[PDB]
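Asks: First the structure, which I've put down as structure tokens, then a few questions once you've had a look.
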Amino acid sequence: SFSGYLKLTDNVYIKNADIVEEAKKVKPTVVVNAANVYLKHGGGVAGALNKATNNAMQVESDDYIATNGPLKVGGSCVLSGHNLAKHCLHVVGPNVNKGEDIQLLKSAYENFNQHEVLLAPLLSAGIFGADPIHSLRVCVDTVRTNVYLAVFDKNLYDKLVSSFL
Ligand SMILES: CC(=O)Nc1nccs1
């Protein structure tokens, strides 16, 4: 199972780790992707997860979008986890760099409550432009299921742990 995580609350855990390396190691039931509404996995966590699947995640995503249309900001879809997990929960957090409503971050984290345990990144953090300290706060105040957060950046991980209320 998950190892080396620091417990933040009854159900939220955090580790300074590469989510791709963490997923390849643990092979969780659910890995969360920091997706956009188009499921175009170009950069950040999405680009890294997609590259680990040898682009199979993008091929599957394009078929999903061709059939269903784009997701909503704050929404999600369950697709295959390929070589990383049983499933990938593609969750769309608001992209602050696109002027998307940050109040949608709580709606995005609510998607995690449909899964008993997840390996996940901080939603809307990184290239999505939101404050990662705010994202962690929304995570612990919204998610009731067991979430194992992988924070790639060591300096951000230390800042998140040392500032956690
Ligand atoms: C390679 C890479 O970006 N990994 C990440 N893990 C958690 C957040 S970003």
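A note on labels: chains of the structure tokens are A, B, ... as shown, every chain counts residues from 1, and ligands are counted from 1 in their shown order.
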Report as a VMD selection string which protein, DNA and RNA residues come within 12 Å of ligand 1, using only C-alpha atoms and all ligand atoms.
Replies: chain A and resid 14 to 24 31 to 34 41 to 52 119 to 128 132 148 to 154 156 to 157
Asks: Region 37-130 of chain A near region 25-28 of chain A within 12 Å: what's each residue's closest atom pair and its distance in Å to one decimal, counting only C-alpha atoms, ordered by chain then ascending residue number, as a tab-separated table?
Replies:
```
residue	atom	partner	partner_atom	distance
A:80	CA	A:28	CA	11.9
A:81	CA	A:27	CA	8.9
A:82	CA	A:27	CA	9.9
A:83	CA	A:27	CA	7.9
A:84	CA	A:27	CA	5.6
A:85	CA	A:27	CA	4.8
A:86	CA	A:28	CA	6.7
A:87	CA	A:28	CA	8.2
A:88	CA	A:28	CA	9.6
A:89	CA	A:28	CA	11.5
A:115	CA	A:28	CA	11.5
A:116	CA	A:28	CA	11.2
A:117	CA	A:28	CA	8.2
A:118	CA	A:28	CA	7.0
A:119	CA	A:28	CA	6.6
A:120	CA	A:28	CA	10.2
```
Asks: For those residues, write N, CA and C atoms to a file as a short mmCIF file (atom, residue, chain, number, x, y, z; two decimals), in the first residue's frame.
Replies:
```cif
data_model
loop_
_atom_site.label_atom_id
_atom_site.label_comp_id
_atom_site.auth_asym_id
_atom_site.auth_seq_id
_atom_site.Cartn_x
_atom_site.Cartn_y
_atom_site.Cartn_z
N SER A 80 -9.73 4.66 -17.81
CA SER A 80 -8.77 3.66 -17.42
C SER A 80 -7.56 4.31 -16.77
N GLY A 81 -6.94 3.59 -15.88
CA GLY A 81 -5.69 4.05 -15.26
C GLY A 81 -4.48 3.54 -16.03
N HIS A 82 -4.72 2.75 -17.11
CA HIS A 82 -3.66 2.21 -17.96
C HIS A 82 -2.62 1.43 -17.11
N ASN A 83 -1.33 1.73 -17.24
CA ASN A 83 -0.27 1.08 -16.48
C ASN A 83 -0.02 1.75 -15.10
N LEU A 84 -0.84 2.75 -14.73
CA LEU A 84 -0.63 3.53 -13.52
C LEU A 84 -1.58 3.21 -12.38
N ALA A 85 -2.80 2.83 -12.71
CA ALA A 85 -3.84 2.61 -11.71
C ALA A 85 -4.96 1.76 -12.34
N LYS A 86 -5.94 1.27 -11.55
CA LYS A 86 -7.08 0.58 -12.14
C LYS A 86 -7.87 1.64 -12.98
N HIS A 87 -8.13 2.79 -12.36
CA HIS A 87 -8.86 3.88 -12.97
C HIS A 87 -8.12 5.18 -12.82
N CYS A 88 -8.42 6.11 -13.73
CA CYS A 88 -7.97 7.47 -13.62
C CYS A 88 -9.20 8.33 -13.49
N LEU A 89 -9.28 9.08 -12.38
CA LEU A 89 -10.35 10.03 -12.20
C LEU A 89 -9.82 11.37 -12.71
N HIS A 115 -15.02 7.95 -4.42
CA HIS A 115 -14.02 6.90 -4.42
C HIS A 115 -13.48 6.74 -3.01
N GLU A 116 -13.43 5.50 -2.51
CA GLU A 116 -12.99 5.21 -1.15
C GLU A 116 -11.55 5.61 -0.87
N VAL A 117 -10.66 5.42 -1.85
CA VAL A 117 -9.27 5.81 -1.67
C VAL A 117 -8.70 6.29 -2.99
N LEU A 118 -7.93 7.37 -2.94
CA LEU A 118 -7.34 7.91 -4.17
C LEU A 118 -5.92 8.36 -3.96
N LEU A 119 -5.10 8.25 -5.01
CA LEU A 119 -3.77 8.87 -5.10
C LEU A 119 -4.05 10.17 -5.91
N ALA A 120 -3.68 11.35 -5.40
CA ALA A 120 -4.05 12.59 -6.09
C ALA A 120 -3.05 13.69 -6.00
#
```
Asks: May I have the residues within 7 Å of region 58-71 of chain A as a PyMOL selection string, using only C-alpha atoms and disregarding those fewer than 3 positions away in the same chain?
Replies: chain A and resi 37-41+50+55+75-76
Asks: Go ahead and write the residues just picked, C-alpha atoms, as a CSV table (one decimal), in the first residue's frame.
Replies:
```csv
chain,number,residue,atom,x,y,z
A,37,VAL,CA,-12.3,20.2,-19.8
A,38,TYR,CA,-10.9,18.9,-23.1
A,39,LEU,CA,-8.8,16.1,-21.6
A,40,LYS,CA,-5.8,17.5,-23.5
A,41,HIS,CA,-3.0,16.2,-21.3
A,50,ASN,CA,-0.2,10.7,-20.1
A,55,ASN,CA,0.0,8.4,-24.9
A,75,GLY,CA,-16.4,18.1,-13.0
A,76,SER,CA,-14.8,14.7,-13.6
```
Asks: Among region 10-131 of chain A, which residues carry a DSSP assignment of strand (DSSP E or B), reported as a list in words?
Replies: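 Reading the DSSP output for region 10-131 of chain A, strand (DSSP E or B) covers residues 12, 13, 14, 15, 16, 30, 31, 32, 33, 34, 76, 77, 78, 79, 80, 87, 88, 89, 90, 91, 117, 118, 119 and 120 of chain A.
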Asks: Go ahead and compute the interatomic distance for CA of residue 105 (chain A) and CA of residue 92 (chain A), in Å to one decimal.
Replies: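 Distance between the two atoms: 8.6 Å.
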Asks: My list of candidates is A:138, A:78, A:104, A:91. Which is closest to residue 29 (chain A) when distances are computed with only C-alpha atoms?
Replies: A:78
Asks: Do you know which residues are at most 10 Å from residue 11 (chain A) counting only C-alpha atoms, after dropping those on the same chain fewer than 2 positions away, and could you put them as a PyMOL selection string?
Replies: chain A and resi 7-9+13+117+140+143-148
Asks: Restrict the selected residues to N, CA and C atoms and save them as a CSV table (one decimal), in the first residue's frame.
Replies:
```csv
chain,number,residue,atom,x,y,z
A,7,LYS,N,0.4,12.1,7.9
A,7,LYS,CA,-1.0,12.2,8.1
A,7,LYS,C,-1.4,13.6,8.5
A,8,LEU,N,-2.3,14.3,7.7
A,8,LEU,CA,-2.7,15.6,8.0
A,8,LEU,C,-4.0,15.6,8.8
A,9,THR,N,-5.0,14.8,8.4
A,9,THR,CA,-6.2,14.7,9.1
A,9,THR,C,-6.6,13.2,9.2
A,13,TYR,N,-3.7,12.5,3.7
A,13,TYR,CA,-2.3,12.1,3.8
A,13,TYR,C,-1.5,12.9,2.7
A,117,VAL,N,-10.7,5.4,-1.8
A,117,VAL,CA,-9.3,5.8,-1.7
A,117,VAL,C,-8.7,6.3,-3.0
A,140,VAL,N,-8.8,19.2,2.5
A,140,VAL,CA,-9.1,18.6,3.8
A,140,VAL,C,-10.6,19.0,4.3
A,143,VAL,N,-13.0,16.7,1.0
A,143,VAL,CA,-12.8,15.3,0.8
A,143,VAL,C,-13.0,14.6,2.2
A,144,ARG,N,-13.9,13.6,2.2
A,144,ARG,CA,-14.2,12.7,3.3
A,144,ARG,C,-13.6,11.3,3.1
A,145,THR,N,-13.3,10.9,1.9
A,145,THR,CA,-12.7,9.6,1.6
A,145,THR,C,-11.2,9.7,1.8
A,146,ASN,N,-10.5,8.6,1.7
A,146,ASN,CA,-9.0,8.6,2.0
A,146,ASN,C,-8.2,9.1,0.8
A,147,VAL,N,-7.6,10.3,0.9
A,147,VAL,CA,-6.8,10.8,-0.2
A,147,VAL,C,-5.3,11.0,0.2
A,148,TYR,N,-4.5,10.4,-0.7
A,148,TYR,CA,-3.1,10.4,-0.6
A,148,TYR,C,-2.5,11.4,-1.6
```
Asks: Using DSSP on the backbone coordinates, identify the residues of chain A assigned to helix (DSSP H, G or I); present them as a ChimeraX atom specification.
Replies: /A:19-26,44-52,56-68,96-98,104-114,126-128,132-142,154-163
Asks: Would you work out the distance separating CA of residue 135 (chain A) from CA of residue 79 (chain A), expressed in Å to one decimal?
Replies: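 These two atoms are separated by 23.7 Å.
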Asks: Between A:103, A:96, A:3, A:114, which has the minimum distance to residue 30 (chain A) (counting only C-alpha atoms)?
Replies: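 Distance minimum relative to residue 30 (chain A) lands on A:114.
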Asks: When distances are computed from only C-alpha atoms, which of A:6, A:77, A:160, A:133 shows the smallest separation from residue 112 (chain A)?
Replies: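 Closest residue, counting only C-alpha atoms: A:77.
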Asks: I'd like the contact shell of residue 142 (chain A) - 7 Å cut-off, only C-alpha atoms, skipping same-chain residues fewer than 4 positions apart - returned as a PyMOL selection string.
Replies: chain A and resi 106+109-110+138
